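Below, read A as the first sequence line, B as the second, and so on, with proteins coming before strands; counting in each chain starts at 1. We count ligands from 1, going down the list as the structure has it; atoms in each ligand are counted the same way.
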Amino acid sequence: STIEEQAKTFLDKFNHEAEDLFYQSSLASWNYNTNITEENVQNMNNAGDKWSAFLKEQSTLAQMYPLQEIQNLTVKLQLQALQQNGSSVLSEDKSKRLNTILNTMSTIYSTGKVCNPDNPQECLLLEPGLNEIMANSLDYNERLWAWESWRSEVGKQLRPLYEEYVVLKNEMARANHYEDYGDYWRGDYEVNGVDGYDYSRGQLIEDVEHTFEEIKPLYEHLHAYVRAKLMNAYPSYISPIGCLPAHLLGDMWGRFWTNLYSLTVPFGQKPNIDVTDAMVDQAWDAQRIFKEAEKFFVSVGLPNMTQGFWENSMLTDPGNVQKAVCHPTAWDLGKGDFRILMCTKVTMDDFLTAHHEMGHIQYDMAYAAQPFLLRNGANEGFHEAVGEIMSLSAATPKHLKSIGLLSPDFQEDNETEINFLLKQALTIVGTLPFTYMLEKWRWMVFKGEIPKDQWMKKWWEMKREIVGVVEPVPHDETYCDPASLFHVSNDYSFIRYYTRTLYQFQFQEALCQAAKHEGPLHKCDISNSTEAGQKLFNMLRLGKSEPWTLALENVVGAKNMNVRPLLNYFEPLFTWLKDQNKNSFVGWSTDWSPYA
Amino acid sequence: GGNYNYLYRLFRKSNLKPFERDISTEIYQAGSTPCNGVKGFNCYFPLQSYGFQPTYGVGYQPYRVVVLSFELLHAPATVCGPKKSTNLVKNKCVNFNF
Ligand SMILES: *[C@@H]1O[C@H](CO)[C@@H](O)[C@H](O)[C@H]1NC(C)=O
């Protein structure tokens with residue numbers, strides 16, 4: 001008879017058990033994180049296995065509804081969220097093979113072990129050591145050797161595994177009403193409900209590169225300045241016509257260029273803004289750090305955290321043999337239980353980390369009234385964006401002086417502002433082209449357009465053309481270079497790490513207009529601004545119940561995905577670089593290589 | 001470890017009358033498929049047990065609630081509040097409410 005009325009009853013029956021079972025699983029995971037021991041291992045085992053073996057029946061029964069007639073949008077979305085069969089669309093043997101291949105690639109990638117040929121008794125791991133040697137040093141031979149070692153003894157076995165992983169995943173997508181794995185990655189980023197806010201999978205596909213050309217000159221100016229600094233430092237190791245090699249960046253895969261700020265610092269005479277002395281001298285412990293960090297949150301307008309979070313959650317000093325994980329995480333156990341997991345120290349870095357964690361807690365509690373299936377952000381790029389906005393607005397010297405963390409007689413000038421802008425850019429814009437090229441290559445390889453053999457050459461040529469990174473040493477076809485990365489053997493969509501920064505400044509820009517603040521965007525602050533909190537919370541409380549296209553309307557007034565505020569942020573840096581690369585050409589030619 | 005000794009009705013065919021109590025454990029039939037007292041294609045249990053724990057947040061922890069309803073039926077009144085009395089005095093013209 002009825003199919004939409006009983007859908008409500010089925011959803012309620014599922015949610016009532018799902019909430020408490022997820023609470024139990026989260027409690028067990030938190031207990032083992034606090035109690036790293038054998039006894040707490042079976043706790044997570046018997047929580048997670050029960051959760052999966054119970055959600056499997058909920059997924060099974062959530063197909064008896066012909067989801068083409070339910071009038072309610074929320075009910076339809078909730079039922080579709082469970083109508084997916086996950087990876088249970090292939091055969092049992094195919095699924096077992098896929099699980100085994102993912103397990104073996106995950107185990108292999110986490111077993112870095114390369115010795116020096118002269119001393120084969122000292123291998124090195126991806127832990128500090130091998131990475132530390134090539135990340136913090138002024139050398140060209142040993143750093144290149146380490147770069148080759150991590151990409152040769154580990155980069156050869158990942159290719160056969162990835163070759164079967166790609167084809168099996170694409171076959172699963174084809175059996176899953178998807179042309180490829182890329183559209184499955186974008187299945188979440190597709191809303192087809194209310195008119196005017198419809199988003200298709202190809203919209204992001206053809207919009208990522210549409211807005212990419214605008215950020216090209218900003219990256220090119222920084223690239224030219226870094227290359228000129230490399231001439232100033234490395235004698236005749238980089239061609240001015242071309243570009244700098246890969247391993248000389250400072251990172252194994254060239255994601256970040258922050259470690260190269262030491263060799264590219266314009267004005268090192270003025271010290272960077274550090275309040276470690278201020279907090280240490282005035283006796284600021286971890287609890288005082290949290291208390292002073294939440295003052296900004298309550299001044300913006302976010303509600304104060306309830307009692308119980310300060311008690312159940314661990315804060316600082318794991319201390320004795322009872323160890324604890326130091327990974328900053330935000331726990332939403334359910335039933336009104338929120339907790340933090342931190343190893344807080346007396347540091348500005350820990351200050352910003354605590355601000356990020358508080359932002360995560362606030363956004364997690366924002367959608368508390370949502371159902372179990374809708375207690376999440378509108379998309380994947382809002383939690384981290386909200387977390388980093390507070391860190392951006394807390395590192396401003398004006399806020400530090402406001403909270404009495406800086407000397408009131410400060411004489412901040414354009415020199416230190418330019419230096420801080422350059423340092424922030426070296427971390428922010430230094431990864432956006434790399435993220436774009438990696439995501440584009442993954443999309444193309446999962447689309448099947450490029451054959452199995454034509455993998456390395458296309459990747460290298462498009463990295464040279466877009467990012468401008470040349471190969472310090474020649475590479476052969478059997479190398480699987482992109483596979484030697486964290487979010488390639490763990491099945492992680494990496495486009496999410498691209499839009500959120502573009503959202504961040506937009507939000508900041510909007511917050512700037514919701515700040516009544518006149519001046520530079522980096523000095524724009526929302527301290528004591530209640531409107532900035534109310535406008536944000538009006539969308540934060542919505543959660544995933546509303547489309548993210550509709551969600552991105554109460555803060556920024558433009559639905560279009562255009563990179564307005566990123567260039568506005570680095571305007572002093574852009575105008576200083578224009579006066580810097582006057583006699584040095586901006587750009588690169590894909591014709592010069594260190595080996596040829 | 002989790003207390004599940006308190007249950008609440010989640011589904012019933014008809015709403016409760018003013019001052020009405022339902023304790024029947026009859027299996028609910030959400031859909032049009034009748035069930036012979038067992039869960040099935042469209043049958044679910046009306047009663048759900050809370051999972052009250054000391055670690056639960058505000059608004060989820062158990063609360064003891066007592067409702068006092070006062071009735072004044074035509075029968076003679078039985079329950080009335082206390083009446084306080086003062087001290088007596090003598091040999092002075094006063095007014096009294098013995
Ligand atoms: C942590 O686990 C150990 C067993 O490995 C147990 O003896 C101890 O009581 C536990 N501590 C807490 C706080 O649960």
Those residues at least two apart in sequence (or on a different chain) that pass disulfide (SG to SG under 2.5 Å) with A:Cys343 are A:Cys326
Using atom types as modelled and distance alone, determine if a side-chain donor or acceptor of A:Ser110 lies under 3.5 Å from a backbone N or O of A:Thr107.
yes
Using heavy atoms and a strict 4.0 Å limit, residues surrounding ligand 1 turn out to be A:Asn35, A:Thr37, A:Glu39, A:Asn40, A:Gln322
- Task: Run the salt-bridge test on A:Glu292 and A:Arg288 with the 4.0 Å N-O cut-off and return the result as yes or no.
- Result: yes
On a heavy-atom basis, the closest approach of A:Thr427 and A:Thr258 is OG1-OG1, 2.6 Å
When the aromatic ring centroids of A:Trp548 and A:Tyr189 are compared, is their separation below 6.0 Å? yes
Can you tell whether the side chains of A:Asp491 and A:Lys169 come within less than 4.0 Å, N to carboxylate O? yes
